[PDB]
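Down below is the structure, laid out as structure tokens.
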Amino acid sequence: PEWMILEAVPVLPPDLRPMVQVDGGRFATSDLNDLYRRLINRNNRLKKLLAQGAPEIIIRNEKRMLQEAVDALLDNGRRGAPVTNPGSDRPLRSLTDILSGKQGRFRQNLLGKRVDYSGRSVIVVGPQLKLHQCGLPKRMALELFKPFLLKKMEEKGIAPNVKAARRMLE
Amino acid sequence: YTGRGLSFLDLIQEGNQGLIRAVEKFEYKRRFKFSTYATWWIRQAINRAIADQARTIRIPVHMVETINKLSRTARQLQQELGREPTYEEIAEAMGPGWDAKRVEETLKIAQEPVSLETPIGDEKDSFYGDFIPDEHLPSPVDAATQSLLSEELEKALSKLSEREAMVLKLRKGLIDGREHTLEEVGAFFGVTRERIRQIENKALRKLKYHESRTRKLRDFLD
Amino acid sequence: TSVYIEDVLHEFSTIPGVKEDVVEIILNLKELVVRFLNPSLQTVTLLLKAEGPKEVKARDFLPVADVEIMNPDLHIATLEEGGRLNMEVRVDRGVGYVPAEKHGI
Amino acid sequence: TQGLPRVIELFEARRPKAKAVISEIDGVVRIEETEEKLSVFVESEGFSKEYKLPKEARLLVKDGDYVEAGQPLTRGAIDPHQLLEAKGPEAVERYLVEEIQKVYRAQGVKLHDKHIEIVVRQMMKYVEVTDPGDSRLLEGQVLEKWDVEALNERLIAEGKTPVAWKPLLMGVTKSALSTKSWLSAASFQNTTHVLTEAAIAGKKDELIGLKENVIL
Amino acid sequence: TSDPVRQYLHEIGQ
Amino acid sequence: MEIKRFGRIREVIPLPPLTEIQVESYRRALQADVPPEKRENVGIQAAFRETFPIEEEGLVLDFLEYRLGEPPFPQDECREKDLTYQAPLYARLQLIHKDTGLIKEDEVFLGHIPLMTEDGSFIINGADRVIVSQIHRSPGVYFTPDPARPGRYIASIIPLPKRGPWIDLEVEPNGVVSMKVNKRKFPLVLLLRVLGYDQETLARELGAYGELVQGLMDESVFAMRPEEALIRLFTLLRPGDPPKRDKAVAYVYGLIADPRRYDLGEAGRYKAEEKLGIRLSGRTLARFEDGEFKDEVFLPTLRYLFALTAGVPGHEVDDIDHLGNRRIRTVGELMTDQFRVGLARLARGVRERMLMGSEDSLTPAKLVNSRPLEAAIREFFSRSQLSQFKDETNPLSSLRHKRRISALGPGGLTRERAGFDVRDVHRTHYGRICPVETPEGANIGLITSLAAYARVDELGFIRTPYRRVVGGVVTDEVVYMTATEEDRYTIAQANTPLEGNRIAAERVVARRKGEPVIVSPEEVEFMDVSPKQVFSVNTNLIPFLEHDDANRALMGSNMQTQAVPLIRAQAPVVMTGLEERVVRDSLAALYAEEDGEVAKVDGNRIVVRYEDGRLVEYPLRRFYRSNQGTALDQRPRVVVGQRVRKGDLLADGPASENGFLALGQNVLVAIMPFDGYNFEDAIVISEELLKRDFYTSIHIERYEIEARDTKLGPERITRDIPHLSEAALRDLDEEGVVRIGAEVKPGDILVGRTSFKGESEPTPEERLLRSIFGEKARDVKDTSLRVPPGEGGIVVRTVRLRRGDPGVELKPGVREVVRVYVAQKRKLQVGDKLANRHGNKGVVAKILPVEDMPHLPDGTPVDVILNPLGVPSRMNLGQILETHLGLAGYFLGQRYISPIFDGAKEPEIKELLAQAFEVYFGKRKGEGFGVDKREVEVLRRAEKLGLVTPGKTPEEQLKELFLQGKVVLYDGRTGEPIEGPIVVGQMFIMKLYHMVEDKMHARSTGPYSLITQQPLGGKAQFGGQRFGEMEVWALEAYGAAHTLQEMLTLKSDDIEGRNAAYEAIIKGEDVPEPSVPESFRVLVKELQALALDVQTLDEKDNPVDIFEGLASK
Amino acid sequence: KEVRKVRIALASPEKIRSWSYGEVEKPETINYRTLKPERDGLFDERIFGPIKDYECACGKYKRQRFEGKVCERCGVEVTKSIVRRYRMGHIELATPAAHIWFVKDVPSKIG
DNA sequence: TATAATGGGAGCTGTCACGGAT
DNA sequence: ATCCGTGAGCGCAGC
Ligand SMILES: [Zn+2]
């Protein structure tokens, strides 16, 4: 049961919560980063205050704040008021919200995932088709089977190499 | 001191922190009431904290201070000019060593990252990271081409003897990633650098002839 | 089959001194009727260069042998003071309806 | 009390607002619609059951009629859990399947009762302990009927007292969340709740279903 | 109690 | 094209200015025109009057006067350089240091306030936008019935949003009334005590009532002195602050009698005093004066509640959806509210800057910050949900968007806290909000549009016109009345027959409180104006609407807004009589201000002389890209020497004909099946339409690139690109930019930009490769803007902006910005979507040649074929009538205008048809031809079908069929007639935005997500198709385990498996076996970051590593 | 082996640290100027892993021959950079806090 | 581094049905 | 009895 109390908090691999540079040249970070940093700020503040020694009243508040922070990291908005980064009244995303909801990992990236080799277009009626037939635009089928055609084209003299074949398609 | 990127309570913890140092240094011989000498460390601590804990990217306080005076001098212009300052106006208003380039430069450093979880559309069903690609990781086309290149490049080395190829492997760093100098390659084959150098040239040229019948590897150069 | 107008680059251009656009002009030039007397002819090239305040109709054009404009009073443009105008049309006798984005003369 | 709303109220095993009353024990209906108030007394051989009805309630039984236990006495919908405790599980299954089909048939939708029977079967998958007998089970502890039956036949084989159990009807949502696969339940709803309880118990998912394998 | 501000206020207000 | 007009009613008044609500409100808020001195306490004015004065309590700052300047840049230049049409905001601030006595004035520059154009739009960030009016419940006091308890009527004191918390009063079952506020309930007797009420006064007020007053009689409170009651009250409202009297009065007043935080509203006030029969001295619930609080509403409101609970007649409950209790927040109110927010945030900054700084030496210039107010307004116009991209597919697009009312938006409702009641069509909507126009989906009822003859008052209440009926006679006096006002009397309908100006009917159709009723003329008091008042503009633009179902009508009106401007656009042969008005008030068609002679005409400009002799060079718009991409271009319609009077056209706009709205084209349609090419709403077109260049429009696709400074090095735009054929730059100029007039196709380049490639170590292979051929890799890359697959067109413009170019500065870090404009004219094709004004929408599924098209006896081929099965279930017989009259028009060469509910009737259309049959047959009689044997066969069939009279001459039967709108149609494929007569005629069909060209998409392999590592989503991102749980369920049901696995691994986020699959295909290899997805690894690590030990195991219950010893130490 | 079971259990403080490769000490991200891992930051390569395959920050080792070595001058290991997607960090606290899930999940398991 | 300076600031209002704990 | 926390259709597009 003591494991239900947390003394060592883990931190998710930085790739899973990064601050990459967008095309505009600006960088963009996950809310997890600002949550984790918030904890560190409070933790080291407390470590110093404790190591130095100072009125309990202060320490009490500080320890409480470290609690609230951990709570925001694990499940923001669950306790108290949602933690909000300065500027917008937007609650930050906690690990729970990453795993919970339709936008959560399960109902968004595990039970259902976007797939390659897949296209979309407006549909029309094909009375001439047979029941086991459909009408697939040629250019769609080009992309859809692109690798298969790269091979077939290579079998032919339509292309010198697969790369130049694809560049022909470009 | 609120509304500067930190909450009341965070700031308070900082002001109390400094207050303990102030109490440790306060002298009643001066005869000034505690409030007088205390405020100094109470304001310094909170103001320093705001400059230490308000940026996802740690930026020195002195830099923050420059940026602050940039906005101060700028707004002065904005309200006087009745319009809107530029890199070059503020630059001169700031003083010497201040140019428009420096303004824009400082603004570039001041640029702050934005949240990937930012809402897209009025339907909160989309986020920024959804519309941001992966540039780092092997893209199946890139990895495919590298597999093809190394295969064909080897097929070109199969058009050389293992000595010629191996020499090229070490020299170009295909043997073990690390490219080995001619003196090292001559240490491997027990051969004078000149002979190693010349057979490497002979090997490259032999590849060129074979290529002049194929040019398959040029495609990978693209 | 194709048309060149002076000082115009794209169909989406404008002609100062004129109430018509490049698009409307070419729309008028599809309404053109041409007679190739020699059956061994497959090509011709019409020209129209005029100005001044006058409603150019197809009466004004380049006369050529084996070239008969059945539709003379066909309005092609309206130009007023400083109504510059120059055109070079290519007429090809053919069959069916070949879209422009196929023949691209 | 009609349409898709009704289908959902049946599938979820929810107690209808216009819930009719049913006799707990069988007997003879003794109408007592005294001018002041309406009441009905089911007369058993040595027992008597008093059911008070709003004077406006529309009774579907006359006087001196054999009201079997679990039989409707007033017009309205039946609480499925009451029918389960009265007539037994077989009846609640029949009632649910037939009422759902009623809604679908009314719209003119043709659907084989099999599908509704599969769902209902899942709603009747768990049971409650009434006496642990010679087991670590606890009174009121809910569990899968298959597990209680298996442990029971094993206990009986060694000649131990059987584990008395009681049928438990629940809705689709609770039956799904109460599965033995924390992956499926966690992917459904109440993610935090499910996860905490599974981790505390050191739960393991044997990957018997589809959802779990799809996540993996 | 729900408002940590008011909490510090009373804690140091005694 | 003669225009005929039907109708038997006169419009006593015209249709109000269409964008009146959007222009009048914003004006009355800015008060820019009215002299700063005469300005009334409204808009930005009232905002300052509220925020100011700022008191330190000692530096003070009072408001003096504000002014609005002129914009640095014009609208067009704002759009070009992506600026904002806004005025310089200045106001007079002094700073009076009473302590010293010195005042210091300096007109302070607050910022720039956005300005609305002529049409009623904006150009925020250089892009046009619209601020949708928001609908909500009027502030005030309302008596609603407690649903839990039958005879309890909770009272609700609703204040203006963000202008006070809601106050609810309710007689608890405990016998004591209660005032619920901020989720806190307490006895009202105590507040009343603070107000100064005593048991005597209470008995004087409520003592007439039953035990109700008795429950209001708590002696403990009467004994508690008012101030004591106030301290006690505070201790109840919030006990944590030591209840110091000075603090108590502060909070209470600040929430009940503070005009700076609580403001019921002029409308709320009006409704409160007309509900309670009182008069208020201000928009405040109570009044704290002379050091004592004094009730103003609490007691009369309580009186009304108690009385309604008892059973007094004069007291009644109120409808919360009644348009008298529902008001509209015009653009002006919304702007002012965001203004007050930012201005109050500034005030807080000023208040903090007048204490830490040297108060003795301060000035308003050093005390005011421009960021708060600017950011507040910037946001309200930039990232507010009510501020949306303007709709300008066509003129009516903008008009509708600017006349659209939403109950959502910040400060409104969400699609989850919205029930039927708010979505329904209340009887008050009559002639106020269009009951047919609304989106189909979850927004239904939430997004609606304003009526036509209706208008919004100052209190934000819709108002419809009604003529005055007196003694049986009718006048032109148009009483614009509100809902609560229209209920007062009996209003008769417009169609009501009148003999001159007097009622001419024994029985008159009448509406009492919205309820239908028939009465005598003497009992009539008012009368409607016209039917048009009870519909929107888009809906009024649909003929034969009285013959269409509301669902399909909704579709038609909404689809009109989606009509692309066609190069050969034309007004409908059948019009309602509002198309020119639309073009007029759409501010897109040039007109003549006063009688004058047309100086010179040109496609670029038109010069006009007038009576005064003035010469104006009116500029024209030519091939201008719209917000939606439609090429909005104006075109000249007058010639030199033309004498244009006042209000005369000078140039047609986009999608317009002779100033009439031309959303589509009038074509010949036959209502019949055709080899299943009409199956399920599908449509068949004729190749002749493409040859005539019908349903063919121009589209401007704008592309953008910017060169910016990088730590790797500065980006530069150069024609030179490594390994790029000179033909690849054939159209690219020497700089790298394309040439105006050229064309591009997928695989081409628009602009060549090169950036510093990373210091990427040359891969061992490259080392060898490079050396083998003898070349050295560069330090610049091909970051050129290529052509997006599926896109193309002709370059029309190129705009290259660079540093050192005066006018605009490049965002910090940027070096230049270049925008290319590629336009393209497309004709109709398979997949393009057509619709009509009656709801019939469909996709082009077959483009047959004219020899296959069904043709008429004279030889004329039909243009479009429409399935007859799409009418019965949809119940939109209007299209039929439109076709019949179109047929008449087609032969009489005349267009028609039919008023809605008072237009062309069956008999009249048949008379016109009869005149056509002569032009369609009699000519034949004299041309040397008679009856065709095929016609005789069809007539035999019809004679059996009962469509013609047996015995009549063949001509007469053909006529009978023509009057029915039916003609003998032959099949061009066989030459044999259609066994029955078919409905042929003209119909108005519009080309819709939706076009297959912008939708077709495919992706074998491309961009993958950062974390999820799954294909991106969307076409513009070259994204894959979503395969959610529902599709997965389908595959599971089938039992396609391996297929599903593929979509879950190889085609998803098996980073390895997918690369291996691509290679396997190009090498004629079978695909690889799927390994664990990367997403499951994300889940494991995310759960471990949640201190949860999720581990994969095996048959031996021993751990298994899906990270293959890559995360283990 | 083949996965046939998936287990979930509370992690011991020792377990958390047994996973972690280090501890974030400073609330920092990348170099405010050079945009590179700040030491004791949340992206420090020395702990989580190299940003690039077989690539140390100092650049002493840039080959697969060096694979599996933490260069002493930089402090970064040599292997696949995908490690930054898996290798996890920790943050040791002097004062203990409670996992809100076990506190605010009625009925509170702790309580 | 020193006149003295000692209880805050902003509130969101037009869902709801169910299961659970108090 | 009351209050708290839980869920409340799928895409596409979204400049
Ligand atoms: Zn190293």
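Just remember, in the structure tokens the first chain shown is A, the second B, etc., residues are 1-based per chain, and ligands are 1-based in the order shown.
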
Using only C-alpha atoms (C1' of nucleotides) and all ligand atoms, which residues of the polymer chains come no farther than 7 Å from ligand 1? I'd like the answer as a PyMOL selection string. chain G and resi 56-61+70-76

Do a neighbour search on residue C:26 at 12 Å with only C-alpha atoms (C1' of nucleotides), toss out local chain neighbours closer than 3 positions, and write the hits as a PDB file with N, CA and C atoms, in the first residue's frame.
```pdb
ATOM      1  N   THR C   1      -8.489  27.088 -82.819  1.00  0.00           N
ATOM      2  CA  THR C   1      -7.690  26.182 -82.061  1.00  0.00           C
ATOM      3  C   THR C   1      -6.712  26.876 -81.092  1.00  0.00           C
ATOM      4  N   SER C   2      -6.227  28.090 -81.387  1.00  0.00           N
ATOM      5  CA  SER C   2      -5.403  28.888 -80.465  1.00  0.00           C
ATOM      6  C   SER C   2      -5.548  30.367 -80.793  1.00  0.00           C
ATOM      7  N   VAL C   3      -5.147  31.244 -79.855  1.00  0.00           N
ATOM      8  CA  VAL C   3      -5.269  32.695 -80.088  1.00  0.00           C
ATOM      9  C   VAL C   3      -4.195  33.468 -79.318  1.00  0.00           C
ATOM     10  N   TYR C   4      -3.516  34.397 -79.996  1.00  0.00           N
ATOM     11  CA  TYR C   4      -2.520  35.267 -79.369  1.00  0.00           C
ATOM     12  C   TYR C   4      -2.977  36.721 -79.450  1.00  0.00           C
ATOM     13  N   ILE C   5      -2.969  37.401 -78.318  1.00  0.00           N
ATOM     14  CA  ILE C   5      -3.318  38.817 -78.229  1.00  0.00           C
ATOM     15  C   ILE C   5      -2.113  39.574 -77.681  1.00  0.00           C
ATOM     16  N   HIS C  10      -2.097  35.799 -70.110  1.00  0.00           N
ATOM     17  CA  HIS C  10      -3.009  34.763 -69.673  1.00  0.00           C
ATOM     18  C   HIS C  10      -4.426  35.184 -70.027  1.00  0.00           C
ATOM     19  N   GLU C  11      -5.305  34.184 -70.147  1.00  0.00           N
ATOM     20  CA  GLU C  11      -6.695  34.441 -70.510  1.00  0.00           C
ATOM     21  C   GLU C  11      -7.341  35.390 -69.511  1.00  0.00           C
ATOM     22  N   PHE C  12      -6.780  35.454 -68.308  1.00  0.00           N
ATOM     23  CA  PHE C  12      -7.316  36.195 -67.174  1.00  0.00           C
ATOM     24  C   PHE C  12      -6.767  37.621 -67.137  1.00  0.00           C
ATOM     25  N   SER C  13      -6.538  38.222 -68.311  1.00  0.00           N
ATOM     26  CA  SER C  13      -5.983  39.567 -68.446  1.00  0.00           C
ATOM     27  C   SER C  13      -7.086  40.587 -68.739  1.00  0.00           C
ATOM     28  N   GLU C  20     -14.443  44.641 -72.976  1.00  0.00           N
ATOM     29  CA  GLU C  20     -14.349  43.184 -72.988  1.00  0.00           C
ATOM     30  C   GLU C  20     -13.077  42.682 -72.302  1.00  0.00           C
ATOM     31  N   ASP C  21     -13.141  41.473 -71.742  1.00  0.00           N
ATOM     32  CA  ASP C  21     -11.970  40.808 -71.184  1.00  0.00           C
ATOM     33  C   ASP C  21     -11.437  39.749 -72.145  1.00  0.00           C
ATOM     34  N   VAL C  22     -10.195  39.309 -71.897  1.00  0.00           N
ATOM     35  CA  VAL C  22      -9.552  38.317 -72.758  1.00  0.00           C
ATOM     36  C   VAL C  22     -10.439  37.081 -72.867  1.00  0.00           C
ATOM     37  N   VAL C  23     -11.088  36.710 -71.757  1.00  0.00           N
ATOM     38  CA  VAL C  23     -11.971  35.550 -71.736  1.00  0.00           C
ATOM     39  C   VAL C  23     -13.158  35.780 -72.660  1.00  0.00           C
ATOM     40  N   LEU C  29     -14.712  34.190 -80.070  1.00  0.00           N
ATOM     41  CA  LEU C  29     -13.918  33.671 -81.212  1.00  0.00           C
ATOM     42  C   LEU C  29     -14.200  32.180 -81.407  1.00  0.00           C
ATOM     43  N   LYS C  30     -14.870  31.553 -80.445  1.00  0.00           N
ATOM     44  CA  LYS C  30     -15.352  30.191 -80.663  1.00  0.00           C
ATOM     45  C   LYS C  30     -16.569  30.182 -81.578  1.00  0.00           C
ATOM     46  N   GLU C  31     -17.258  31.315 -81.685  1.00  0.00           N
ATOM     47  CA  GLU C  31     -18.461  31.475 -82.489  1.00  0.00           C
ATOM     48  C   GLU C  31     -18.125  31.725 -83.951  1.00  0.00           C
ATOM     49  N   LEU C  32     -16.855  31.538 -84.310  1.00  0.00           N
ATOM     50  CA  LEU C  32     -16.332  31.868 -85.627  1.00  0.00           C
ATOM     51  C   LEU C  32     -16.578  30.749 -86.617  1.00  0.00           C
ATOM     52  N   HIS C  75     -19.736  40.541 -83.395  1.00  0.00           N
ATOM     53  CA  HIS C  75     -19.033  41.459 -82.518  1.00  0.00           C
ATOM     54  C   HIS C  75     -17.931  40.714 -81.784  1.00  0.00           C
ATOM     55  N   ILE C  76     -16.720  41.278 -81.820  1.00  0.00           N
ATOM     56  CA  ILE C  76     -15.510  40.598 -81.265  1.00  0.00           C
ATOM     57  C   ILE C  76     -14.933  41.447 -80.120  1.00  0.00           C
ATOM     58  N   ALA C  77     -15.169  42.759 -80.147  1.00  0.00           N
ATOM     59  CA  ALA C  77     -14.624  43.674 -79.119  1.00  0.00           C
ATOM     60  C   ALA C  77     -15.264  45.055 -79.250  1.00  0.00           C
ATOM     61  N   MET C  87      -4.438  40.905 -82.525  1.00  0.00           N
ATOM     62  CA  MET C  87      -4.765  39.488 -82.373  1.00  0.00           C
ATOM     63  C   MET C  87      -4.177  38.666 -83.516  1.00  0.00           C
ATOM     64  N   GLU C  88      -3.814  37.410 -83.200  1.00  0.00           N
ATOM     65  CA  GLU C  88      -3.322  36.411 -84.162  1.00  0.00           C
ATOM     66  C   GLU C  88      -3.996  35.067 -83.882  1.00  0.00           C
ATOM     67  N   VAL C  89      -5.007  34.703 -84.677  1.00  0.00           N
ATOM     68  CA  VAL C  89      -5.830  33.507 -84.443  1.00  0.00           C
ATOM     69  C   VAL C  89      -5.396  32.355 -85.344  1.00  0.00           C
ATOM     70  N   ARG C  90      -5.438  31.129 -84.825  1.00  0.00           N
ATOM     71  CA  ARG C  90      -5.110  29.933 -85.604  1.00  0.00           C
ATOM     72  C   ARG C  90      -6.373  29.092 -85.744  1.00  0.00           C
ATOM     73  N   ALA C 100      -9.725  22.157 -75.099  1.00  0.00           N
ATOM     74  CA  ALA C 100      -8.537  23.004 -75.173  1.00  0.00           C
ATOM     75  C   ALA C 100      -7.388  22.368 -74.411  1.00  0.00           C
TER      76      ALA C 100
ATOM     77  N   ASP F 693     -19.204  25.955 -72.838  1.00  0.00           N
ATOM     78  CA  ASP F 693     -18.552  26.416 -71.615  1.00  0.00           C
ATOM     79  C   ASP F 693     -19.595  26.854 -70.587  1.00  0.00           C
TER      80      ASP F 693
END
```

With a distance cut-off of 7 Å and only C-alpha atoms (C1' of nucleotides), select the neighbouring residues of residue C:16, excluding the residue or stretch itself and same-chain residues fewer than 6 positions from it, and output the selection as a VMD selection string. chain F and resid 602 to 604

Export, as a compact mmCIF listing (two decimals), in the first residue's frame, the selected residues with N, CA and C atoms.
```txt
# COMPACT_ATOMS: atom_id res chain seq x y z
N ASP F 602 -14.33 51.16 -69.54
CA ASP F 602 -13.24 50.23 -69.74
C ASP F 602 -13.34 49.13 -68.70
N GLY F 603 -12.75 47.97 -69.01
CA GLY F 603 -12.77 46.86 -68.07
C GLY F 603 -11.95 47.10 -66.82
N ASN F 604 -10.96 47.99 -66.89
CA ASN F 604 -10.18 48.37 -65.73
C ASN F 604 -10.83 49.49 -64.93
```

Using DSSP on the backbone, list every residue of stretch 34-159 of chain B that comes out as alpha helix (DSSP H), and give them as a PyMOL selection string. chain B and resi 34-52+61-81+87-94+100-110+140-157

Skip residue B:64 itself and residues of its chain fewer than 2 positions away, then list as a CSV table (one decimal) with C-alpha atoms, in the first residue's frame all residues within 12 Å of it, counting only C-alpha atoms (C1' of nucleotides).
```csv
chain,number,residue,atom,x,y,z
B,47,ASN,CA,11.3,39.9,-9.3
B,48,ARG,CA,14.3,37.5,-9.7
B,49,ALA,CA,11.9,34.5,-9.6
B,50,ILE,CA,9.8,36.0,-12.3
B,51,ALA,CA,12.9,36.2,-14.4
B,52,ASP,CA,14.0,32.7,-13.4
B,53,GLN,CA,10.7,30.8,-13.6
B,54,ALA,CA,8.5,32.1,-16.5
B,55,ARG,CA,10.3,30.8,-19.6
B,57,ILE,CA,13.7,28.2,-22.3
B,58,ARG,CA,15.9,29.6,-19.4
B,59,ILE,CA,17.0,33.1,-20.4
B,60,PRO,CA,19.3,35.2,-18.3
B,61,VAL,CA,17.8,37.9,-16.2
B,62,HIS,CA,20.0,40.6,-17.8
B,66,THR,CA,17.0,44.3,-22.0
B,67,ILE,CA,13.8,42.8,-23.5
B,68,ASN,CA,11.7,44.6,-20.9
B,69,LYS,CA,13.3,48.0,-21.6
B,70,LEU,CA,12.9,47.2,-25.4
B,71,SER,CA,9.1,47.0,-24.8
B,106,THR,CA,16.5,40.1,-29.6
B,107,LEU,CA,12.9,39.4,-30.6
B,109,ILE,CA,15.7,35.1,-29.0
B,110,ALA,CA,12.6,36.2,-27.0
B,111,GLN,CA,10.4,34.0,-29.1
G,32,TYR,CA,18.5,29.4,-24.8
```

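The residues of chain H lying at most 12 Å from chain D, with only C-alpha atoms (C1' of nucleotides) taken into account, are residues 17, 18 and 19 of chain H.
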
At a cut-off of 12 Å, which residues of chain I touch chain D? Count only C-alpha atoms (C1' of nucleotides) and give the answer as a list in words.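 The selection requested is residues 5, 6, 7 and 8 of chain I.
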
Requested write-out: N, CA and C atoms (P, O5', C5', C4', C3', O3' and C1' of nucleotides) of the selected residues, as a PDB file, in the first residue's frame:
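Dumped to part-v7.pdb:
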```
ATOM      1  P    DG I   5     -16.102  15.951  -7.807  1.00  0.00           P
ATOM      2  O5'  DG I   5     -16.383  14.724  -8.808  1.00  0.00           O
ATOM      3  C5'  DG I   5     -16.057  13.385  -8.364  1.00  0.00           C
ATOM      4  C4'  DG I   5     -16.265  12.413  -9.499  1.00  0.00           C
ATOM      5  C3'  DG I   5     -15.698  12.871 -10.841  1.00  0.00           C
ATOM      6  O3'  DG I   5     -15.034  11.785 -11.476  1.00  0.00           O
ATOM      7  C1'  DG I   5     -18.002  12.383 -11.063  1.00  0.00           C
ATOM      8  P    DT I   6     -14.554  11.874 -13.006  1.00  0.00           P
ATOM      9  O5'  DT I   6     -15.764  11.172 -13.792  1.00  0.00           O
ATOM     10  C5'  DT I   6     -16.004   9.762 -13.567  1.00  0.00           C
ATOM     11  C4'  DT I   6     -16.966   9.263 -14.612  1.00  0.00           C
ATOM     12  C3'  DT I   6     -16.706   9.809 -16.009  1.00  0.00           C
ATOM     13  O3'  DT I   6     -15.825   8.920 -16.688  1.00  0.00           O
ATOM     14  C1'  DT I   6     -19.057   9.913 -15.457  1.00  0.00           C
ATOM     15  P    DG I   7     -15.465   9.124 -18.239  1.00  0.00           P
ATOM     16  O5'  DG I   7     -16.699   8.406 -18.971  1.00  0.00           O
ATOM     17  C5'  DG I   7     -16.886   8.617 -20.387  1.00  0.00           C
ATOM     18  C4'  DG I   7     -18.349   8.458 -20.714  1.00  0.00           C
ATOM     19  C3'  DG I   7     -18.823   9.286 -21.898  1.00  0.00           C
ATOM     20  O3'  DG I   7     -18.626   8.546 -23.097  1.00  0.00           O
ATOM     21  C1'  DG I   7     -20.332   9.523 -20.059  1.00  0.00           C
ATOM     22  P    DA I   8     -18.328   9.291 -24.487  1.00  0.00           P
ATOM     23  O5'  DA I   8     -19.712  10.028 -24.821  1.00  0.00           O
ATOM     24  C5'  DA I   8     -20.827   9.219 -25.250  1.00  0.00           C
ATOM     25  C4'  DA I   8     -22.092  10.034 -25.192  1.00  0.00           C
ATOM     26  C3'  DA I   8     -22.086  11.292 -26.044  1.00  0.00           C
ATOM     27  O3'  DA I   8     -22.382  10.966 -27.397  1.00  0.00           O
ATOM     28  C1'  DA I   8     -23.011  11.746 -23.903  1.00  0.00           C
TER      29       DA I   8
END
```

Tell me, as an NGL selection string, which residues lie within 12 Å of residue F:482, counting only C-alpha atoms (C1' of nucleotides); anything in the same chain fewer than 5 positions away does not count. :F and (322-327 or 428-432 or 454-466 or 487-489 or 513)

If you take only C-alpha atoms and a cut-off of 8 Å, which residues of chain F touch chain C, and what are their nearest atom pairs and distances in Å to one decimal, in chain and number order, as CSV?
```
residue,atom,partner,partner_atom,distance
F:600,CA,C:80,CA,7.8
F:601,CA,C:19,CA,6.3
F:602,CA,C:19,CA,4.6
F:603,CA,C:19,CA,4.8
F:604,CA,C:16,CA,6.2
F:622,CA,C:14,CA,7.9
F:623,CA,C:12,CA,7.0
F:636,CA,C:19,CA,6.1
F:639,CA,C:19,CA,7.9
F:640,CA,C:80,CA,7.9
F:691,CA,C:97,CA,7.5
F:740,CA,C:9,CA,7.3
F:741,CA,C:10,CA,4.7
F:742,CA,C:10,CA,7.4
F:794,CA,C:10,CA,7.2
F:795,CA,C:10,CA,7.9
F:796,CA,C:10,CA,7.1
```
